[PDB]
Amino acid sequence: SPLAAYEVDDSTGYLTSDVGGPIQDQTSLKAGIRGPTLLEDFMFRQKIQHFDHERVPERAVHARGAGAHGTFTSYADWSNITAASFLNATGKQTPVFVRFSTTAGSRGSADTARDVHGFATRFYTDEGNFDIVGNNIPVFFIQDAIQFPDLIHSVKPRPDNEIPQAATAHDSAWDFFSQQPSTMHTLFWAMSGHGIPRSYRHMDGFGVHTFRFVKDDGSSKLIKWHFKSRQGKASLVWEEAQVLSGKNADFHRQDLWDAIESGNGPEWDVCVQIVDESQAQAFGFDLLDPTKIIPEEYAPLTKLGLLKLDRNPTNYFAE
Amino acid sequence: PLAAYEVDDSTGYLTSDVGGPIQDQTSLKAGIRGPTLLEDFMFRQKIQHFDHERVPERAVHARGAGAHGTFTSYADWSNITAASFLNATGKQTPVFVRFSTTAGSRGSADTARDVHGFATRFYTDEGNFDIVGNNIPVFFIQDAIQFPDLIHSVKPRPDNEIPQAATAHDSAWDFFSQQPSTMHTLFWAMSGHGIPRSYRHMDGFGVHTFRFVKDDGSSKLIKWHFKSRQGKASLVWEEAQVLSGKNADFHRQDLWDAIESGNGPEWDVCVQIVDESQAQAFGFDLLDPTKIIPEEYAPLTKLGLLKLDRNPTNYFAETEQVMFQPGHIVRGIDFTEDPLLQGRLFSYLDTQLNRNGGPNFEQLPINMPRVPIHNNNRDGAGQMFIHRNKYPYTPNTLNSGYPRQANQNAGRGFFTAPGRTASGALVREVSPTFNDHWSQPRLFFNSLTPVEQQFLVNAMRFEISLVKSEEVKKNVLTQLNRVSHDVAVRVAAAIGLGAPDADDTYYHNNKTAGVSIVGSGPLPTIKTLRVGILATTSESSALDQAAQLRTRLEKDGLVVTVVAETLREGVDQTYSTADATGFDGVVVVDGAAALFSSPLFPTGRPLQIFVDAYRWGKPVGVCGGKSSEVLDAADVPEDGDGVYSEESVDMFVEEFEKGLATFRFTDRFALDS
Amino acid sequence: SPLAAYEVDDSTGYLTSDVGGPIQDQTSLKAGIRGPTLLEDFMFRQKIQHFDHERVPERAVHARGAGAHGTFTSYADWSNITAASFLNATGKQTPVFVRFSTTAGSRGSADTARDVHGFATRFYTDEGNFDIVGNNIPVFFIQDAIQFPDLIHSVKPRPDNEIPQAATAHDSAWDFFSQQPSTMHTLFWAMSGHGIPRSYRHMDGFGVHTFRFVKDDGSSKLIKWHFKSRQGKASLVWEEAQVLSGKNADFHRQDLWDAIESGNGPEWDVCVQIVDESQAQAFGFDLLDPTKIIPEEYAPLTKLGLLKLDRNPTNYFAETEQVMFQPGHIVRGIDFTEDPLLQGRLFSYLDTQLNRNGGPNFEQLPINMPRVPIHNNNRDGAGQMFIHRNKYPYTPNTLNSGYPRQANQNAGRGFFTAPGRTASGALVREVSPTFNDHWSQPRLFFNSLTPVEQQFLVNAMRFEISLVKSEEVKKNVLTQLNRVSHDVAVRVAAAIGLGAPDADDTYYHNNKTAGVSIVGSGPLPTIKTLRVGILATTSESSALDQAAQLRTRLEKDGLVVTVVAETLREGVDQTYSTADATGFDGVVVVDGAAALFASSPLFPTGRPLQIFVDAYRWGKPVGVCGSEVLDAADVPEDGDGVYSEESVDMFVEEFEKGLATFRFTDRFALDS
Ligand code: HDD
Ligand code: HDD
Ligand code: HDD
Ligand SMILES: [Ca+2]
Ligand SMILES: [Ca+2]
Ligand SMILES: [Ca+2]
Ligand SMILES: [Ca+2]
Ligand SMILES: [Ca+2]
Ligand SMILES: [Ca+2]
Ligand SMILES: [Ca+2]
């Protein structure tokens with residue numbers, strides 16, 4: 001794994017510069033014991049330059065979040081419905097990394113804000129990396145990507161004073177929702193307990209969009225991804241979520257970290273609804289429209305495989 | 001003030017950044033249900049902009065808020081400094097200030113326990129001058145090279161990035177206990193100074209000794225102290241925690257609102273001035289940033305008034321982008337050989353390259369000076385200037401020798417204090433004059449009132465009880481014990497360890513003025529303080545009582561919120577959104593007594609607001625004459641200090657306003673025996 | 001205009017930091033007069049940090065180039081064919097900035113490399129900036145933008161050793177050309193004198209792609225942009241270009257700078273060929289194919305307006321280095337076509353400015369700003385120079401009263417896609433069969449050159465291909481050249497010791513087209529700015545008099561005259577030591593200097609004579625005014641473009657006709 005090869009062990013040894021020269025890093029070099037610090041102190045400048053440059057821009061959305069490593073195991077040879085190599089054999093294992101998140105808050109905002117949550121999953125397959133960048137709610141606020149900055153500006157803090165943090169509870173957000181009626185479906189989801197899940201482990205993941213599964217013979221079917229929690233669905237109540245935001249801003253990332261350390265890594269059945277191309281408009285709405293679900297009564301779930309998260313990261317920044 | 005750079009979008013058709021009129025609501029597609037086209041430049045320019053909106057947060061003090069204002073000098077200070085902004089009675093200079101916490105990221109809560117930033121830029125007529133200070137006058141460490149150690153230890157553990165905006169974890173207390181220089185700042189941070197009621201109710205300190213330098217070359221040693229005209233005030237910890245959840249924006253909102261209401265905050269900008277010969281005369285080394293000069297040894301001199309009175313137009317462009325530097329220095333000021341200050345000078349010029357992404361960060365509007373620039377700096381990413389001079393080297397004849405060198409004797413140049421010298425070996429050694437890490441933490445502790453000392457003990461009990469390593473907890477007790485055996489015993493009691501035997505080497509009974517918050521007396525003004533009036537829509541008389549109270553309270557500049565079950569004319573907030581952390585005092589109108597179950601708010605909400613306000617020390621009361629139903633339900637004694645009951649609205653308000661100035665009724669908090 | 005506002009004057013005043021604090025910058029602050037430098041020296045660190053960060057990435061292609069400001073003036077109200085506002089009125093003037101460039105070389109490489117040249121023009125219109133990002137050659141090497149990194153990697157230096165600089169004369173390039181036959185047309189242009197123009201002012205500009213003109217009624221027509229030089233077409237000869245690359249790497253930028261300063265700013269007629277949408281495939285090729293020209297016989301040029309460059313920049317870095325062109329800079333009245341090369345360019349030029357500028361606010365640099373108000377909800381980003389007053393930057397809103405308003409075909413003079421455009425069919429990664437003829441038009445181009453011009457093209461190929469090490473690559477090259485012309489393949493093969501493959505006549509023909517020949521385009525319409533070197537001596541008062549009388553006679557006609565002698569003095573501009581024939585368009589020896597042509601510590605052995613002999617070998621008009629000189633030089637007196645007159649005035653009348661003729665091609669040997 002590319003990760004093991006890049007691990008650096010510092011449990012023994014003498015301090016070195018980044019080019020392997022043994023040094024110290026506790027006292028600046030000075031002209032006399034009560035003197036001014038010297039420009040020639042390369043130990044000081046290399047250490048402080050690194051520190052000065054430690055930060056990178058946070059993600060433009062989903063800046064607040066936490067990740068874990070695990071495995072995906074296929075239940076079957078799915079060649080009959082897709083050419084995807086990671087799905088081509090019973091028992092086939094593929095390493096995964098998942099990051100969960102809120103959407104609107106900046107990187108130090110509270111886990112238990114009311115919001116849509118991200119659920120992004122990378123499958124490091126033997127025919128390349130495959131990402132499903134999903135949310136815990138199966139429908140999105142807007143019908144065209146060109147509108148994304150409008151939605152996001154409206155829910156993020158007002159830009160004169162940057163208030164309020166990680167909240168749709170302000171004029172601009174409700175102005176946008178009320179002027180752009182496509183938002184109603186996701187708004188209803190976000191105003192339900194799905195806006196304040198009990199943990200990352202007690203929510204589902206959805207690809208949201210219709211995608212295609214394509215067979216080697218070139219034929220295709222339309223699919224929706226649904227990752228179904230084996231832990232069950234659970235929410236906070238709002239008054240509790242507000243107190244929690246203050247008492248433990250890290251509640252979800254801690255809950256996940258602890259579940260993994262205790263040998264209780266969370267699991268989801270990775271599923272799809274699969275329909276024919278001819279059914280794009282058969283269900284009373286258009287399958288190209290990301291504000292619509294296919295009700296399970298019209299298309300049942302097929303279970304493709306098991307996703308399990310069971311290893312925490314070594315360095316949060318790096319991973 | 002930055003009017004020249006403002007862009008108005010109150011009219012007009014949408015354009016690209018190159019002024020072509022466009023639309024930005026629907027992608028261009030091959031057919032009505034088709035794929036989006038690569039030739040859609042409207043789409044790509046808008047999304048590329050959005051994709052690149054974010055810049056790195058500051059490495060420290062990432063969470064903060066700013067405002068514009070004015071500094072006015074009280075005198076001609078020519079006799080102690082050549083500084084131009086200080087050279088005439090009433091001389092005005094524009095300022096911009098940013099306040100902040102230190103450890104938390106962007107979006108973390110204002111009301112975390114932390115050291116707070118107080119960074120002030122003076123846009124002077126001889127260049128920008130920044131004083132990049134904190135609300136605590138001493139720093140954790142004695143050498144700038146240790147800054148990444150301190151900051152790594154207090155920021156979240158780097159495997160899981162937990163916990164946010166908190167020193168309550170093993171690594172922070174490991175560092176504090178292994179690096180005893182940290183004791184003084186630690187005691188300040190564990191006091192009420194770690195949880196100020198607002199940015200307007202805290203002071204600002206330069207921390208380091210600097211120099212004032214006269215035009216004749218003579219110098220004096222100085223400390224900067226910005227003294228709040230609003231008074232000093234803190235939260236209680238249990239209130240700070242709830243506020244962190246109910247309103248992460250509490251400090252920035254408080255500042256924004258104070259400015260909008262014509263109540264812009266003020267400070268007297270002051271210095272302690274001492275001679276060069278007094279650098280080691282006070283029983284410690286003035287080069288040591290872990291030490292204060294007790295005011296009994298050097299009084300404060302008031303130089304001028306700092307008032308903040310205008311909010312930014314765009315937070316990102318102004319507050320997020322402002323790039324402070326202690327190297328932004330002007331003639332009349334100089335540095336000292338404080339090894340913490342010395343290294344800062346390097347860091348703040350370097351770190352703006354990370355934030356800005358390129359070298360021309362001094363060109364952003366908020367960073368520009370208000371005088372002309374004449375230099376041979378050229379090119380670089382994002383170069384906004386078009387330089388005429390095609391011979392940007394010195395010495396030249398082809399541009400007639402311009403720009404001219406500025407120095408002590410020509411052009412009002414900056415100059416290093418000419419009496420400064422260095423001697424001795426080139427060493428990476430700490431001066432033994434820095435070795436007493438404990439006497440001043442004890443001085444501070446001794447200077448707090450008894451309940452203030454209890455609050456500080458309780459903060460330590462809270463944080464240290466969360467440290468998992470029993471070796472770290474013991475090492476912590478070792479250090480606290482060197483400051484005070486009593487502190488160590490009392491903290492130990494909460495963590496079920498025994499304190500080590502008294503070690504009296506640094507114990508003493510001296511005290512100093514001006515560091516206590518509890519002891520600083522009633523607030524000098526109650527304007528902007530918040531009063532929540534709890535009422536009901538059930539009784540039209542409760543609303544009438546609330547309206548009467550509003551009129552009488554607003555007349556004195558208090559911010560009044562009437563709370564009821566539902567909104568209507570006269571009601572500002574519903575019970576569902578109301579919380580005691582939203583108010584500095586709470587009044588119930590006696591017509592609403594019955595509320596003290598509904599689908600409109602959580603069970604017990606009206607009573608909980610009142611009980612919380614009481615337990616956190618706020619003035620509370622019932623107006624109207626019938627008070628026992630409410631006071632009994634809340635288990636509040638009618639005869640309590642800071643508890644009011646009057647039928648007369650006028651009399652109620654008179655008494656209640658005395659309580660808002662007292663601010664906290666400390667007699668409601670238990671003390672260790 | 002945004003430009004004047006950002007000018008900074010440093011002709012007076014004391015040195016200050018970037019925050020206005022007066023300082024010095026000549027000596028570091030030290031602990032003692034022989035001591036170490038102090039970290040607290042903020043004067044030193046701000047100065048050196050700026051220096052350390054002066055450089056930005058060079059452009060990925062066209063890194064070497066030079067720009068100027070000017071004006072475009074419309075000749076008419078063109079509303080009959082386009083809604084474009086800058087074209088809506090007779091005499092309507094629009095400010096422009098133009099950058100010219102080579103393509104392959106890095107930013108310090110020589111102007112006179114053999115290459116395709118860029119000609120990028122920005123019109124700062126009253127309806128937004130409009131850029132036409134063109135070249136001096138009307139066709140491009142490849143038919144799909146996705147292939148651009150392949151082309152460019154192949155022509156740029158080999159990536160193990162980064163050799164050779166600014167040259168297609170290496171195996172990788174010819175490997176690519178020989179494997180990707182679409183390259184043949186542009187290859188023939190680049191191997192002609194078009195690859196080595198005499199100056200930026202003596203070449204044309206082409207948009208290359210078919211674009212659309214769109215009327216306010218929504219109807220559209222197809223167009224090609226052609227900027228036609230009012231200075232005439234002229235080239236260097238290859239040997240000359242090689243010498244110039246060493247003697248004066250700045251030759252073209254110097255020439256442009258100097259022409260502008262002297263009040264001789266270059267001019268072009270901005271022209272279009274216009275044809276109907278129904279003619280997309282009517283000319284025997286597909287107008288979506290960027291490797292094809294429309295012959296002027298099929299579609300004449302319509303003159304739209306005048307482009308003039310007449311003001312040099314103030315700061316090269318801030319203006320020329322930082323200008324960031326995009327074909328995505330389009331205005332109402334113009335639209336794109338489905339040319340797969342143009343389609344992908346639209347993506348690249350918006351993306352690549354992030355690399356150059358290091359942040360997303362590159363349109364805020366003064367050179368990139370428009371001249372009209374900007375109204376949009378783009379916010380933040382590194383280097384944000386605006387303070388936005390609209391605190392509700394989202395659409396739809398009520399909190400900012402629904403502003404800004406959406407602009408489109410009906411409202412607010414919005415850009416709109418030509419509404420007649422459609423797409424139909426499978427989603428495919430397939431090349432249209434209509435693109436498959438890669439050889440007929442290169443042959444048309446070749447046929448259209450004069451015999452000596454054909455020889456120069458054969459000789460450029462002989463030069464470059466002889467430097468290809470791989471015998472298999474050389475064979476593969478002959479295979480492709482042979483499909484254009486058997487004779488070309490035969491003549492190239494003779495220089496490399498290979499046999500040409502047998503004639504394959506599938507694409508051979510004898511058709512010609514007008515307007516592509518340099519040699520055939522006739523004498524230059526103006527000789528203003530052309531350079532005359534007068535080779536004189538300080539050893540004879542008579543020689544300096546002769547030179548001075550000639551100077552005044554030539555200078556009045558706008559010629560740039562350099563008098564050369566052994567050492568400088570009044571009347572002498574340059575020494576023999578620094579002079580070279582590549583410095584002049586014509587060379588005259590004053591006969592009083594006869595002795596210098598027969599050793600000196602002041603110049604290299606044989607220098608005066610070698611300047612005259614080089615100038616003659618390179619085709620330039622050469623003269624002796626007063627021969628022993630022509631004998632020493634082996635220059636026949638009766639030769640065309642060789643002048644011998646004792647009279648000054650008769651010499652100058654004759655010589656100036658020679659400058660207009662420009663090159664005397666009878667001096668170059670032809671095959672057979
Ligand atoms: C056109 C813009 C746009 C639109 C319409 C969307 N997003 Fe997105 N999304 C971004 C532009 C973006 C982005 C700016 O590109 C981010 C920021 C960080 C990153 O890697 O991509 C991102 C991040 C991002 C992340 C964080 C991944 C991580 O943990 O690092 C998730 C989970 C989502 N998005 C999920 C969605 C879902 C489920 C969408 C609707 C179906 C969606 N996004 C629409
Ligand atoms: C050598 C490293 C170093 C050391 C010892 C310090 N700092 Fe610092 N400080 C920085 C390195 C730094 C920095 C990394 O350079 C920051 C981050 C963002 C910036 O502009 O500078 C910064 C930011 C920063 C800010 C935020 C300014 C703003 O609002 O934008 C304040 C108020 C302070 N610091 C105050 C202090 C005080 C009172 C110190 C002790 C007397 C101190 N710093 C020591
Ligand atoms: C898909 C990639 C791609 C393709 C197919 C082309 N180019 Fe390009 N071109 C770029 C990608 C690019 C670029 C990497 O985006 C550059 C580098 C610097 C810049 O601003 O854009 C560029 C620079 C650039 C410049 C320099 C502009 C200036 O002076 O700053 C000119 C004149 C051209 N190109 C002209 C053309 C012509 C006439 C083409 C074919 C008709 C062409 N390019 C195809
Ligand atoms: Ca708002
Ligand atoms: Ca629920
Ligand atoms: Ca820890
Ligand atoms: Ca307190
Ligand atoms: Ca000095
Ligand atoms: Ca090669
Ligand atoms: Ca030629």
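As the structure lists them, so they are numbered: ligands from 1, and atoms in each ligand from 1. Letters go in sequence order (proteins before strands), and every chain restarts at 1.
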Exercise. Nearest 0.5 Å please: distance from the NE2 atom of B:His152 over to the OG atom of B:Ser171.
Key: 11.0 Å

Practice problem: May I ask you to identify the nearest protein heavy atom to atom 5 (C) of ligand 3, giving residue, atom name and distance to one decimal place in Å? | Solution: C:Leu341 CD1, 3.3 Å

Quiz item: Is there a donor-acceptor contact under 3.5 Å from the side chain of B:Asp40 to the main chain of B:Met42?
Solution: yes

Exercise. Return yes if some donor-acceptor pair links the side-chain N/O of A:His252 with the main-chain N/O of A:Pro197 below 3.5 Å, else return no.
Key: yes

Quiz item: Nearest protein heavy atom to atom 19 (C) of ligand 3, by residue and atom, and its distance?
Solution: C:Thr352 CG2, 3.7 Å

Exercise. Taking only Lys NZ, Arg NE, NH1 and NH2, and the carboxylate oxygens of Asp or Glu, determine whether A:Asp111 and A:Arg64 approach each other closer than 4.0 Å.
Key: yes

Exercise. Consider every N or O of C:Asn135 and every N or O of ligand 3, then say whether any pair is closer than 3.5 Å.
Key: no

Quiz prompt | Ionic contact status for C:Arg212 with C:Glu338, cut-off 4.0 Å | solution = yes

Quiz item: Does C:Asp339 reach the main-chain N or O of C:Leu341 with its side chain, forming a donor-acceptor pair under 3.5 Å?
Solution: yes

Self-check item: Intermediate values then yes/no, ring-ring contact (aromatic ring centres under 6.0 Å, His included), C:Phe130 and C:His329
Solution: CA-CA 5 Å; C:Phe130 173 49; C:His329 295 154; 9.7 Å; no

Practice problem: Quick one: look up the protein heavy atom nearest atom 27 (C) of ligand 1 and list residue, atom name and how far away it is. | Solution: A:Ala120 CB, 3.9 Å

Quiz item: For A:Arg99 and ligand 1, does the shortest N/O to N/O distance drop below 3.5 Å?
Solution: yes

Quiz item: Looking only at protein heavy atoms, which one is nearest to atom 15 (O) of ligand 1, and how far off is it?
Solution: B:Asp51 OD1, 4.3 Å

Practice problem: Tell me, with the steps shown, if B:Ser105 and A:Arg107 meet side-chain hydrogen bond (donor to acceptor under 3.5 Å, both in side chains). | Solution: CA-CA 6 Å; B:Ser105 284; A:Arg107 73 186 310 291; 3.3 Å; yes

Self-check item: Tally of protein N, O or S atoms, where distance to atom 8 (Fe) of ligand 3 is under 2.8 Å
Solution: 1

Quiz item: Relative to the heavy atoms of A:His209, which atoms of ligand 1 are at a distance of less than 4.0 Å?
Solution: 41 (C)

Quiz item: Which residue supplies the protein heavy atom nearest to atom 30 (O) of ligand 1, what is that atom called, and how far is it?
Solution: A:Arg59 NE, 2.8 Å

Self-check item: Structural part of C:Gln326 in contact with ligand 3, heavy atom criterion under 4.0 angstrom
Solution: neither

Quiz prompt | Sidechain N-carboxylate O distance under 4.0 Å for B:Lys46, A:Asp150 | solution = yes

Exercise. Could you pull out all residues at least two apart from C:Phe119 that satisfy ring-ring contact (aromatic ring centres under 6.0 Å, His included)?
Key: C:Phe100, C:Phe227, C:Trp268

Quiz prompt | Qualifying residues under side-chain hydrogen bond (donor to acceptor under 3.5 Å, both in side chains), relative to C:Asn312, sequence neighbours excluded | solution = C:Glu261

Quiz item: Under 4.0 Å from atom 21 (O) of ligand 1, is there any protein heavy atom?
Solution: no

Quiz item: Got a sec, which residues hit side-chain hydrogen bond (donor to acceptor under 3.5 Å, both in side chains) with C:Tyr200, two or more places apart in sequence or on another chain?
Solution: none

Practice problem: Have a look at ligand 3 and work out which part of C:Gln353, if any, has a heavy atom under 4.0 Å from it: side chain, backbone, both or neither. | Solution: side chain

Quiz item: Any idea which protein heavy atom is nearest atom 32 (C) of ligand 1, and the distance to it?
Solution: A:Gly134 O, 3.3 Å

